[PDB]
Amino acid sequence: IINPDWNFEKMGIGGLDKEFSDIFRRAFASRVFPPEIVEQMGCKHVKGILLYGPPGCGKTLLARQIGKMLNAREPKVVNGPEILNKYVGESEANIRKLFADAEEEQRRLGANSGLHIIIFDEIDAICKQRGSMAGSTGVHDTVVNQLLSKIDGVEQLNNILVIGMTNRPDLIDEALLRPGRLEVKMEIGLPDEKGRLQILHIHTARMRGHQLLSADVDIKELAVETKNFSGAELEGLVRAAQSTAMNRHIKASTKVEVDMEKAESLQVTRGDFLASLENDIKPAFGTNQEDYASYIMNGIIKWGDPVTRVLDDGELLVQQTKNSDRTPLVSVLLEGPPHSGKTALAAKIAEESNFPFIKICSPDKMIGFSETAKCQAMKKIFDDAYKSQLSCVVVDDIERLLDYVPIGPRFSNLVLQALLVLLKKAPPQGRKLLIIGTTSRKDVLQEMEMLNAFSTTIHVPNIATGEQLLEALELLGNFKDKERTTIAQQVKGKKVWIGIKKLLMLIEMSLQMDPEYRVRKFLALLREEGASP
Amino acid sequence: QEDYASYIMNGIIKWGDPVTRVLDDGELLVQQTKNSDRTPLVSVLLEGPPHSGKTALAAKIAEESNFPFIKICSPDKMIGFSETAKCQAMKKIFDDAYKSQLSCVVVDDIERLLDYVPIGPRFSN
Ligand SMILES: Nc1ncnc2c1ncn2[C@@H]1O[C@H](COP(=O)(O)OP(=O)(O)OP(=O)(O)O)[C@@H](O)[C@H]1O
Ligand SMILES: Nc1ncnc2c1ncn2[C@@H]1O[C@H](COP(=O)(O)OP(=O)(O)OP(=O)(O)O)[C@@H](O)[C@H]1O
Ligand SMILES: Nc1ncnc2c1ncn2[C@@H]1O[C@H](COP(=O)(O)OP(=O)(O)O)[C@@H](O)[C@H]1O
């Protein structure tokens with residue numbers, strides 16, 4: 001019913017052109033050959049397939065087009081969580097209601113009926129395997145059995161086709177993949193440069209049709225600027241550009257009584273696209289420039305040699321992880337005394353890598369969580385990281401993730417075991433990863449056998465000389481000439497062990513008085529904090 | 001034949017005598033478990049310092065046996081599980097192993113299945 005090489009273009013789906021060929025070659029070879037030879041051989045057709053991948057990557061379009069191209073009746077869409085009810089023996093009824101028409105048509109027309117396709121969604125919701133993990137989601141296992149009894153069993157159905165869709169391929173019941181049942185898996189991953197270009201081509205044909213779009217805008221620049229968008233973020237970008245351009249044009253024309261010549265024109269230009277891209281759309285699988293300003297609040301100032309050493313070592317590690325074989329997983333750990341400024345340096349090192357996927361997992365967003373929820377969140381972040389060619393994950397505080405208190409001692413063992421397992425699991429073939437730690441108590445970590453898993457260590461020291469303090473003050477720029485002179489005469493005493501954060505706090509506290517008494521207050525504050533190595 | 005090529009990532013090069021001794025001992029154990037009649041159940045434990053290459057050698061010994069049933073139970077596929085889930089998984093694997101006439105099972109990183117930590121000590125009973 002379809003031409004030998006088929007056709008998939010300018011009909012919607014544009015990014016996935018090899019997938020159709022792959023699936024048709026692997027599964028649907030029986031429905032294209034002349035029926036006489038198929039009946040002569042005496043073979044049965046495949047009775048379903050499974051699709052899995054990241055959300056919003058164009059799965060429903062594929063199912064609808066596959067159904068359309070086979071000359072099948074209207075698909076009977078359905079959702080996963082919708083088929084669930086607390087009353088005993090009611091979900092089975094919902095599962096059973098779906099096949100009535102197929103049964104009736106088979107009963108009437110015999111062996112000449114058409115093809116009916118049922119499209120499920122979030123099929124992993126009904127499965128007696130999610131109960132293994134922490135929680136209670138037994139979903140009254142019986143449900144699944146009923147479904148199987150309809151795909152096969154004593155009563156045979158020969159005019160159906162089941163297309164399953166899922167996001168978590170590791171929660172699918174194992175009994176649902178043997179031969180004779182859903183038995184063809186496939187992956188629909190993120191698009192690439194060509195896919196993004198094609199999607200932008202398809203989604204913008206309307207404006208070009210009526211010459212409304214300006215000649216300034218390109219499509220290659222927007223195709224290369226967007227790194228890990230899938231499909232919906234591109235549609236969102238187009239829509240946001242439309243809306244922003246419209247609002248700006250109407251407001252500007254109201255502000256200035258422009259002639260009808262430009263009033264009729266409603267060009268969107270390129271500025272609207274860039275503004276919407278940089279302010280409107282926030283990708284889920286890409287870099288997030290907003291969170292960096294939340295950690296590096298006062299920038300980075302060079303008060304000594306160690307900063308350059310740390311930055312250079314970070315660059316070397318990034319280069320090693322980027323282009324290298326035989327070692328696709330690399331780890332590192334930053335250790336130092338409290339208030340030394342470790343989080344900011346880690347964030348800077350991650351930012352300078354220019355990787356497409358950068359994330360930060362910190363306990364600031366896990367207040368009141370039970371340990372199981374923390375394990376879930378960590379696993380989710382790492383699972384998301386595993387779906388990109390180059391990634392980078394930062395773990396903010398390893399001591400707070402364990403709930404360590406010196407009395408006892410006390411802590412949670414589940415999180416420790418999860419971290420130890422996750423630190424030594426390479427990604428699927430052909431993909432890289434990088435992990436950066438941070439902590440202030442190295443001895444406890446060494447004592448817990450966790451330092452045997454990391455690959456390197458770096459040291460972040462404090463300010464340990466007077467001239468360094470003078471240089472830091474000079475860079476900050478808060479004291480005058482005579483003030484600096486007075487400070488210099490009195491701080492040559494040596495044995496000066498302070499942290500950058502504490503230094504900032506002391507300066508801020510001291511600057512709350514009149515200019516006369518600032519110096520003595522600052523010196524008193526420094527002396528009360530003047531411990532020794 | 002996909003797990004074995006996933007656990008032996010860079011082959012097995014012979015840098016000294018011990019490799020030959022280990023492989024020969026494994027072969028002798030396999031032949032014993034195959035040809036005996038009054039000793040159907042056999043066990044062996046491989047131990048050594050960290051980062052020494054125990055899993056690769058165990059996988060190679062299992063693969064070079066030609067048994068019709070072979071399976072590996074590693075802890076890296078049970079992240080976030082509870083004690084009961086681990087018990088059920090292990091029992092299921094062994095129950096499946098019991099239905100063949102010749103089988104081999106690999107248990108990997110025994111110290112990570114019990115959740116051992118030197119402080120305490122703490123673990124799962
Ligand atoms: N070279 C630098 N190194 C570190 N911090 C710097 C540097 N230059 C400026 N800072 C400032 O230091 C502060 C970092 O303090 P922050 O509280 O992030 O430290 P931390 O090591 O993460 O602390 P904690 O041990 O509480 O987690 C930021 O204000 C940053 O602007
Ligand atoms: N003769 C050999 N013995 C062991 N490993 C070898 C040998 N020849 C090469 N290798 C390489 O050694 C690596 C195996 O190390 P592996 O990570 O399995 O160590 P391990 O002892 O299982 O570690 P762990 O105790 O951390 O679980 C693989 O790269 C393998 O290619
Ligand atoms: N080439 C394309 N690939 C993927 N999605 C596309 C493509 N062109 C358009 N889209 C849009 O992306 C969305 C993908 O289908 P949708 O049902 O929203 O997501 P999913 O089924 O992946 O959860 C739809 O809005 C669809 O119109």
# chains A, B, ... in the order shown; residues from 1 in each chain; ligands from 1
$ closest_atom_pairs --of "chain B" --to "ligand 2" --cutoff "12 Å" --atoms "only C-alpha atoms and all ligand atoms" --output "JSON lines"
{"residue": "B:4", "atom": "CA", "partner": "ligand 2", "partner_atom_place_in_ligand_line": "18 (O)", "distance": 11.3}
{"residue": "B:5", "atom": "CA", "partner": "ligand 2", "partner_atom_place_in_ligand_line": "31 (O)", "distance": 10.1}
{"residue": "B:6", "atom": "CA", "partner": "ligand 2", "partner_atom_place_in_ligand_line": "28 (C)", "distance": 10.0}
{"residue": "B:7", "atom": "CA", "partner": "ligand 2", "partner_atom_place_in_ligand_line": "18 (O)", "distance": 6.8}
{"residue": "B:8", "atom": "CA", "partner": "ligand 2", "partner_atom_place_in_ligand_line": "31 (O)", "distance": 5.2}
{"residue": "B:9", "atom": "CA", "partner": "ligand 2", "partner_atom_place_in_ligand_line": "31 (O)", "distance": 4.8}
{"residue": "B:10", "atom": "CA", "partner": "ligand 2", "partner_atom_place_in_ligand_line": "31 (O)", "distance": 3.2}
{"residue": "B:11", "atom": "CA", "partner": "ligand 2", "partner_atom_place_in_ligand_line": "31 (O)", "distance": 4.3}
{"residue": "B:12", "atom": "CA", "partner": "ligand 2", "partner_atom_place_in_ligand_line": "8 (N)", "distance": 3.5}
{"residue": "B:13", "atom": "CA", "partner": "ligand 2", "partner_atom_place_in_ligand_line": "8 (N)", "distance": 4.3}
{"residue": "B:14", "atom": "CA", "partner": "ligand 2", "partner_atom_place_in_ligand_line": "1 (N)", "distance": 5.7}
{"residue": "B:15", "atom": "CA", "partner": "ligand 2", "partner_atom_place_in_ligand_line": "1 (N)", "distance": 7.0}
{"residue": "B:16", "atom": "CA", "partner": "ligand 2", "partner_atom_place_in_ligand_line": "1 (N)", "distance": 8.6}
{"residue": "B:17", "atom": "CA", "partner": "ligand 2", "partner_atom_place_in_ligand_line": "1 (N)", "distance": 10.1}
{"residue": "B:18", "atom": "CA", "partner": "ligand 2", "partner_atom_place_in_ligand_line": "1 (N)", "distance": 8.7}
{"residue": "B:19", "atom": "CA", "partner": "ligand 2", "partner_atom_place_in_ligand_line": "1 (N)", "distance": 5.9}
{"residue": "B:20", "atom": "CA", "partner": "ligand 2", "partner_atom_place_in_ligand_line": "1 (N)", "distance": 9.1}
{"residue": "B:21", "atom": "CA", "partner": "ligand 2", "partner_atom_place_in_ligand_line": "1 (N)", "distance": 11.2}
{"residue": "B:22", "atom": "CA", "partner": "ligand 2", "partner_atom_place_in_ligand_line": "1 (N)", "distance": 9.6}
{"residue": "B:23", "atom": "CA", "partner": "ligand 2", "partner_atom_place_in_ligand_line": "1 (N)", "distance": 9.8}
{"residue": "B:46", "atom": "CA", "partner": "ligand 2", "partner_atom_place_in_ligand_line": "21 (O)", "distance": 9.8}
{"residue": "B:47", "atom": "CA", "partner": "ligand 2", "partner_atom_place_in_ligand_line": "21 (O)", "distance": 9.0}
{"residue": "B:48", "atom": "CA", "partner": "ligand 2", "partner_atom_place_in_ligand_line": "21 (O)", "distance": 8.0}
{"residue": "B:49", "atom": "CA", "partner": "ligand 2", "partner_atom_place_in_ligand_line": "25 (O)", "distance": 7.7}
{"residue": "B:50", "atom": "CA", "partner": "ligand 2", "partner_atom_place_in_ligand_line": "25 (O)", "distance": 4.9}
{"residue": "B:51", "atom": "CA", "partner": "ligand 2", "partner_atom_place_in_ligand_line": "23 (O)", "distance": 4.6}
{"residue": "B:52", "atom": "CA", "partner": "ligand 2", "partner_atom_place_in_ligand_line": "21 (O)", "distance": 4.3}
{"residue": "B:53", "atom": "CA", "partner": "ligand 2", "partner_atom_place_in_ligand_line": "21 (O)", "distance": 3.0}
{"residue": "B:54", "atom": "CA", "partner": "ligand 2", "partner_atom_place_in_ligand_line": "21 (O)", "distance": 3.7}
{"residue": "B:55", "atom": "CA", "partner": "ligand 2", "partner_atom_place_in_ligand_line": "22 (O)", "distance": 3.7}
{"residue": "B:56", "atom": "CA", "partner": "ligand 2", "partner_atom_place_in_ligand_line": "18 (O)", "distance": 4.6}
{"residue": "B:57", "atom": "CA", "partner": "ligand 2", "partner_atom_place_in_ligand_line": "3 (N)", "distance": 5.8}
{"residue": "B:58", "atom": "CA", "partner": "ligand 2", "partner_atom_place_in_ligand_line": "22 (O)", "distance": 8.5}
{"residue": "B:59", "atom": "CA", "partner": "ligand 2", "partner_atom_place_in_ligand_line": "18 (O)", "distance": 9.1}
{"residue": "B:60", "atom": "CA", "partner": "ligand 2", "partner_atom_place_in_ligand_line": "3 (N)", "distance": 9.6}
{"residue": "B:61", "atom": "CA", "partner": "ligand 2", "partner_atom_place_in_ligand_line": "3 (N)", "distance": 11.4}
{"residue": "B:74", "atom": "CA", "partner": "ligand 2", "partner_atom_place_in_ligand_line": "27 (O)", "distance": 10.1}
{"residue": "B:75", "atom": "CA", "partner": "ligand 2", "partner_atom_place_in_ligand_line": "27 (O)", "distance": 10.6}
{"residue": "B:76", "atom": "CA", "partner": "ligand 2", "partner_atom_place_in_ligand_line": "27 (O)", "distance": 10.7}
{"residue": "B:107", "atom": "CA", "partner": "ligand 2", "partner_atom_place_in_ligand_line": "27 (O)", "distance": 11.6}
{"residue": "B:108", "atom": "CA", "partner": "ligand 2", "partner_atom_place_in_ligand_line": "27 (O)", "distance": 7.9}
{"residue": "B:109", "atom": "CA", "partner": "ligand 2", "partner_atom_place_in_ligand_line": "27 (O)", "distance": 6.4}
{"residue": "B:110", "atom": "CA", "partner": "ligand 2", "partner_atom_place_in_ligand_line": "27 (O)", "distance": 10.0}
{"residue": "B:111", "atom": "CA", "partner": "ligand 2", "partner_atom_place_in_ligand_line": "25 (O)", "distance": 10.0}
{"residue": "B:112", "atom": "CA", "partner": "ligand 2", "partner_atom_place_in_ligand_line": "27 (O)", "distance": 9.8}
$ closest_atom_pairs --of "chain B" --to "chain A" --cutoff "10 Å" --atoms "only C-alpha atoms" --output "CSV"
residue,atom,partner,partner_atom,distance
B:6,CA,A:429,CA,9.4
B:9,CA,A:326,CA,8.4
B:10,CA,A:326,CA,7.9
B:50,CA,A:452,CA,9.1
B:51,CA,A:452,CA,9.8
B:75,CA,A:421,CA,8.0
B:76,CA,A:421,CA,6.2
B:77,CA,A:421,CA,9.4
B:78,CA,A:133,CA,9.0
B:79,CA,A:418,CA,6.1
B:80,CA,A:418,CA,6.5
B:81,CA,A:133,CA,5.2
B:82,CA,A:134,CA,6.6
B:83,CA,A:132,CA,9.9
B:84,CA,A:132,CA,8.2
B:85,CA,A:132,CA,5.5
B:86,CA,A:132,CA,8.8
B:88,CA,A:132,CA,9.0
B:89,CA,A:132,CA,9.3
B:112,CA,A:417,CA,8.0
B:113,CA,A:417,CA,9.7
B:115,CA,A:417,CA,6.7
B:116,CA,A:417,CA,8.9
B:117,CA,A:448,CA,6.8
B:118,CA,A:448,CA,6.8
B:119,CA,A:448,CA,7.2
B:120,CA,A:409,CA,9.0
B:122,CA,A:413,CA,8.5
B:123,CA,A:413,CA,9.0
$ select_by_dssp --residues "region 1-74 of chain B" --states "strand (DSSP E)" --output "list in words"
residues 69, 70, 71, 72 and 73 of chain B
$ residues_near_ligand --ligand "ligand 1" --cutoff "8 Å" --atoms "only C-alpha atoms and all ligand atoms" --output "PDB file with N, CA, C and O atoms, in the first residue's frame"
ATOM      1  N   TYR A 295      26.086  31.894  42.531  1.00  0.00           N
ATOM      2  CA  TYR A 295      27.199  31.364  43.317  1.00  0.00           C
ATOM      3  C   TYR A 295      28.429  32.269  43.296  1.00  0.00           C
ATOM      4  O   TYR A 295      29.054  32.492  44.337  1.00  0.00           O
ATOM      5  N   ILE A 296      28.786  32.798  42.129  1.00  0.00           N
ATOM      6  CA  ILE A 296      29.876  33.765  42.034  1.00  0.00           C
ATOM      7  C   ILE A 296      29.287  35.168  42.132  1.00  0.00           C
ATOM      8  O   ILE A 296      28.985  35.799  41.117  1.00  0.00           O
ATOM      9  N   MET A 297      29.123  35.657  43.360  1.00  0.00           N
ATOM     10  CA  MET A 297      28.480  36.936  43.610  1.00  0.00           C
ATOM     11  C   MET A 297      29.437  38.114  43.508  1.00  0.00           C
ATOM     12  O   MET A 297      29.021  39.189  43.064  1.00  0.00           O
ATOM     13  N   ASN A 298      30.702  37.946  43.913  1.00  0.00           N
ATOM     14  CA  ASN A 298      31.664  39.040  43.881  1.00  0.00           C
ATOM     15  C   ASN A 298      32.834  38.762  42.941  1.00  0.00           C
ATOM     16  O   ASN A 298      33.883  39.408  43.066  1.00  0.00           O
ATOM     17  N   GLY A 299      32.687  37.824  42.014  1.00  0.00           N
ATOM     18  CA  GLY A 299      33.731  37.535  41.054  1.00  0.00           C
ATOM     19  C   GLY A 299      34.929  36.818  41.659  1.00  0.00           C
ATOM     20  O   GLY A 299      34.889  36.268  42.759  1.00  0.00           O
ATOM     21  N   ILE A 300      36.020  36.846  40.897  1.00  0.00           N
ATOM     22  CA  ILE A 300      37.282  36.219  41.271  1.00  0.00           C
ATOM     23  C   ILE A 300      38.383  37.268  41.212  1.00  0.00           C
ATOM     24  O   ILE A 300      38.553  37.938  40.186  1.00  0.00           O
ATOM     25  N   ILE A 301      39.123  37.412  42.309  1.00  0.00           N
ATOM     26  CA  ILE A 301      40.245  38.337  42.398  1.00  0.00           C
ATOM     27  C   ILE A 301      41.518  37.538  42.633  1.00  0.00           C
ATOM     28  O   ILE A 301      41.530  36.590  43.426  1.00  0.00           O
ATOM     29  N   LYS A 302      42.587  37.911  41.932  1.00  0.00           N
ATOM     30  CA  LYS A 302      43.856  37.193  42.006  1.00  0.00           C
ATOM     31  C   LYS A 302      44.712  37.820  43.099  1.00  0.00           C
ATOM     32  O   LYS A 302      45.357  38.849  42.876  1.00  0.00           O
ATOM     33  N   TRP A 303      44.720  37.204  44.282  1.00  0.00           N
ATOM     34  CA  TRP A 303      45.570  37.651  45.378  1.00  0.00           C
ATOM     35  C   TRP A 303      46.852  36.844  45.533  1.00  0.00           C
ATOM     36  O   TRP A 303      47.649  37.155  46.424  1.00  0.00           O
ATOM     37  N   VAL A 307      45.652  30.482  43.026  1.00  0.00           N
ATOM     38  CA  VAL A 307      44.484  30.576  42.153  1.00  0.00           C
ATOM     39  C   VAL A 307      44.842  30.147  40.734  1.00  0.00           C
ATOM     40  O   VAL A 307      44.120  29.365  40.098  1.00  0.00           O
ATOM     41  N   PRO A 337      40.303  24.300  54.147  1.00  0.00           N
ATOM     42  CA  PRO A 337      39.666  24.728  55.396  1.00  0.00           C
ATOM     43  C   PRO A 337      38.406  25.530  55.130  1.00  0.00           C
ATOM     44  O   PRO A 337      38.195  26.025  54.013  1.00  0.00           O
ATOM     45  N   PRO A 338      37.545  25.688  56.136  1.00  0.00           N
ATOM     46  CA  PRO A 338      36.286  26.413  55.931  1.00  0.00           C
ATOM     47  C   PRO A 338      36.500  27.869  55.545  1.00  0.00           C
ATOM     48  O   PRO A 338      37.483  28.502  55.937  1.00  0.00           O
ATOM     49  N   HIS A 339      35.562  28.393  54.753  1.00  0.00           N
ATOM     50  CA  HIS A 339      35.567  29.787  54.313  1.00  0.00           C
ATOM     51  C   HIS A 339      36.696  30.098  53.335  1.00  0.00           C
ATOM     52  O   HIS A 339      37.079  31.258  53.175  1.00  0.00           O
ATOM     53  N   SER A 340      37.245  29.086  52.672  1.00  0.00           N
ATOM     54  CA  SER A 340      38.319  29.301  51.712  1.00  0.00           C
ATOM     55  C   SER A 340      37.823  29.664  50.317  1.00  0.00           C
ATOM     56  O   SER A 340      38.634  30.075  49.482  1.00  0.00           O
ATOM     57  N   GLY A 341      36.529  29.523  50.035  1.00  0.00           N
ATOM     58  CA  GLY A 341      36.022  29.838  48.712  1.00  0.00           C
ATOM     59  C   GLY A 341      36.247  28.710  47.726  1.00  0.00           C
ATOM     60  O   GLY A 341      36.942  28.883  46.722  1.00  0.00           O
ATOM     61  N   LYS A 342      35.659  27.548  48.004  1.00  0.00           N
ATOM     62  CA  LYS A 342      35.775  26.386  47.131  1.00  0.00           C
ATOM     63  C   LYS A 342      34.649  26.290  46.106  1.00  0.00           C
ATOM     64  O   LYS A 342      34.894  25.915  44.955  1.00  0.00           O
ATOM     65  N   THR A 343      33.419  26.621  46.497  1.00  0.00           N
ATOM     66  CA  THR A 343      32.292  26.511  45.575  1.00  0.00           C
ATOM     67  C   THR A 343      32.453  27.435  44.373  1.00  0.00           C
ATOM     68  O   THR A 343      32.179  27.037  43.234  1.00  0.00           O
ATOM     69  N   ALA A 344      32.904  28.669  44.600  1.00  0.00           N
ATOM     70  CA  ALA A 344      33.076  29.606  43.496  1.00  0.00           C
ATOM     71  C   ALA A 344      34.116  29.115  42.495  1.00  0.00           C
ATOM     72  O   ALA A 344      33.909  29.209  41.279  1.00  0.00           O
ATOM     73  N   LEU A 345      35.240  28.588  42.981  1.00  0.00           N
ATOM     74  CA  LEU A 345      36.263  28.094  42.065  1.00  0.00           C
ATOM     75  C   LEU A 345      35.756  26.903  41.261  1.00  0.00           C
ATOM     76  O   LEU A 345      36.028  26.794  40.060  1.00  0.00           O
ATOM     77  N   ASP A 396      27.867  19.893  45.302  1.00  0.00           N
ATOM     78  CA  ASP A 396      28.239  21.097  46.038  1.00  0.00           C
ATOM     79  C   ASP A 396      28.927  20.772  47.360  1.00  0.00           C
ATOM     80  O   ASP A 396      30.075  21.168  47.585  1.00  0.00           O
ATOM     81  N   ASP A 397      28.238  20.067  48.255  1.00  0.00           N
ATOM     82  CA  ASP A 397      28.767  19.751  49.582  1.00  0.00           C
ATOM     83  C   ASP A 397      28.533  18.271  49.866  1.00  0.00           C
ATOM     84  O   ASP A 397      27.387  17.821  49.960  1.00  0.00           O
ATOM     85  N   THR A 439      34.540  19.718  49.669  1.00  0.00           N
ATOM     86  CA  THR A 439      34.383  19.336  51.066  1.00  0.00           C
ATOM     87  C   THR A 439      35.416  20.074  51.903  1.00  0.00           C
ATOM     88  O   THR A 439      36.434  20.548  51.395  1.00  0.00           O
ATOM     89  N   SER A 440      35.135  20.164  53.204  1.00  0.00           N
ATOM     90  CA  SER A 440      36.051  20.785  54.149  1.00  0.00           C
ATOM     91  C   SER A 440      36.641  19.815  55.162  1.00  0.00           C
ATOM     92  O   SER A 440      37.556  20.206  55.895  1.00  0.00           O
ATOM     93  N   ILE A 500      38.615  34.134  52.878  1.00  0.00           N
ATOM     94  CA  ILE A 500      38.179  35.249  52.042  1.00  0.00           C
ATOM     95  C   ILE A 500      36.802  35.729  52.482  1.00  0.00           C
ATOM     96  O   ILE A 500      36.549  36.934  52.604  1.00  0.00           O
ATOM     97  N   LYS A 501      35.889  34.787  52.729  1.00  0.00           N
ATOM     98  CA  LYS A 501      34.546  35.152  53.167  1.00  0.00           C
ATOM     99  C   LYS A 501      34.587  35.909  54.488  1.00  0.00           C
ATOM    100  O   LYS A 501      33.920  36.940  54.648  1.00  0.00           O
ATOM    101  N   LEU A 504      35.816  39.448  53.917  1.00  0.00           N
ATOM    102  CA  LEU A 504      34.757  40.320  53.417  1.00  0.00           C
ATOM    103  C   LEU A 504      33.800  40.713  54.535  1.00  0.00           C
ATOM    104  O   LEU A 504      33.406  41.883  54.647  1.00  0.00           O
TER     105      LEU A 504
END
$ residues_near_ligand --ligand "ligand 3" --cutoff "6 Å" --atoms "only C-alpha atoms and all ligand atoms" --output "MDAnalysis selection string"
chainID A and resid 12:15 55:61 199 231:232
$ closest_residue --among "A:473, A:460, A:361, A:511" --to "residue 291 (chain A)" --atoms "only C-alpha atoms"
A:361
